[PDB]
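Here's a solo chain for you in structure tokens, the form deposited in one PDB entry.
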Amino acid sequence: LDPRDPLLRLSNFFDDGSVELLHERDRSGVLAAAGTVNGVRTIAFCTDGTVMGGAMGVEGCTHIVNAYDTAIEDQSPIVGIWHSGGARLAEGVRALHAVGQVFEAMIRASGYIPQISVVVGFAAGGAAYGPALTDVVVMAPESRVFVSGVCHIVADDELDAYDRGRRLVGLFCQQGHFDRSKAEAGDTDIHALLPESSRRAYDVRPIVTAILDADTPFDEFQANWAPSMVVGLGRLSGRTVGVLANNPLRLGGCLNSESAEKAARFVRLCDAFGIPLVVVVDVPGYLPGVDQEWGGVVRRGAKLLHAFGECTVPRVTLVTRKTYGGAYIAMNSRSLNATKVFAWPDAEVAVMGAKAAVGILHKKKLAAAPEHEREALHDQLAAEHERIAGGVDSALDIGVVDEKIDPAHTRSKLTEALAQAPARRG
């Protein structure tokens, strides 16, 4: 069945004329090959959708395990192209065990070599879980992962999927270096991208792209899952960086169960492969599930604290508009040993908005006030409260912000901090 022929799929993915088979073709249901991706030595394996639906058996699984063993030994990235209905039922338990051995190999590779899955067709049973164990999953629209968060990148078509896969091994395996000249040349007034009013929502994504190199794609992960949080890989003066940013357009930009988990997973992934982090903070609080279930955000929030806390790659924080309460601590604060914390001049760092704060601290005085005088008293109390608290100057005194910067130098200030940090220690 030509289009799903594994040699062809492997050929479309690798650099032209670089494919070198790791074993002889057969009817096992997988073909594994060595090759190159823009010069980078890469291992890949393709399930054979032209043989029994691509169903996995002992012999095919063995080829994948050998492929993994090969990539591990040479420290090469390994890409799996997936199209498969699951384990070969007629092989019984023997196939279950072999599928398990595939899992076990992916686990040995975890955080040691990059693992990229490209799902180009139906993926079920063991063929759904395999990709779930890898670092990044690319899905072509002629696919579905069955047996939401599982899929990181959705491509336009099978060829686009290979193209994104190729870029991903570039981001992991040709990380480059920071360049000050390039960082400065790309500087613009990122602050101008915000709305005029502090109360208005906006998509954070243009801020992100303005920080990142103009001529390089921002590869956003899981865009439609936990949309209050944006995460992804891009280049900053040519250097691969990971970006996390609250997106005020969705849920006020609040943290919650899924956004915390999304951010936590992405942090551990960048940490594992030496990829520095830009954390763009504009977060006013956090949220329970619709049913007032707080257990999710607690558990996942703790996982996020733990991820930043244990992180050792450079990770710099930029407060754009506001950062409040517990969500402030979680978003790469000084208390979790952020490399450096930056703030735009009109940013707020506080427990909560002044009016909210004052409305708690002086609940009794406010309620004792005459109804028609109450709001004026509330406003006046709030004005004094923010005279003394919430501002960048105050945050600099405390030492939770390191530097107030000109928004027009954002891109070059972040770059300077990341470049001059140690590769490891936080």
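Residue numbers here begin at 1 and follow the sequence given. Each form is matched to the other, and the largest set of C-alpha atoms that superpose within 1.5 Å is called the rigid core.
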Count, per the entry, the deposited residues between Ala201 and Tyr202 that are not modelled, and return the matching class: none, 1 to 3, 4 to 9, or 10 or more. none
Residue stretch of maximal mean CA temperature factor, 332 to 340 vs 210 to 218: 210 to 218
Looking only at C-alpha temperature factors in the entry, 31 to 39 or 374 to 382, the higher average sits in 374 to 382
Just the C-alpha B-factor column, please: which of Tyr286, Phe266, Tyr112, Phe122 has the biggest number? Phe122
Entry record, C-alpha B-factors for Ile78, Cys270, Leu233, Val145; the maximum is at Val145
Lowest, middle or highest third of the chain for the C-alpha temperature factor of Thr312? lowest
If you rank every modelled residue in this chain by C-alpha B factor, which third holds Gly353: lowest, middle or highest? middle
Chain-wide C-alpha B factor ranking for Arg411, given as lowest, middle or highest third: lowest
By the record's CA B-factor, is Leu418 among the lowest, middle or highest third of residues in the chain? lowest
Which third of the chain holds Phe178 when residues are ordered by C-alpha B factor: lowest, middle or highest? lowest
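Keep in mind that the form deposited in another entry is missing from the display, and what follows is about it.
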With the core superposed, find the residue in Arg27, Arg387, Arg374, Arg41 that moves its CA 2 Å or more between the shown form and the other one. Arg374
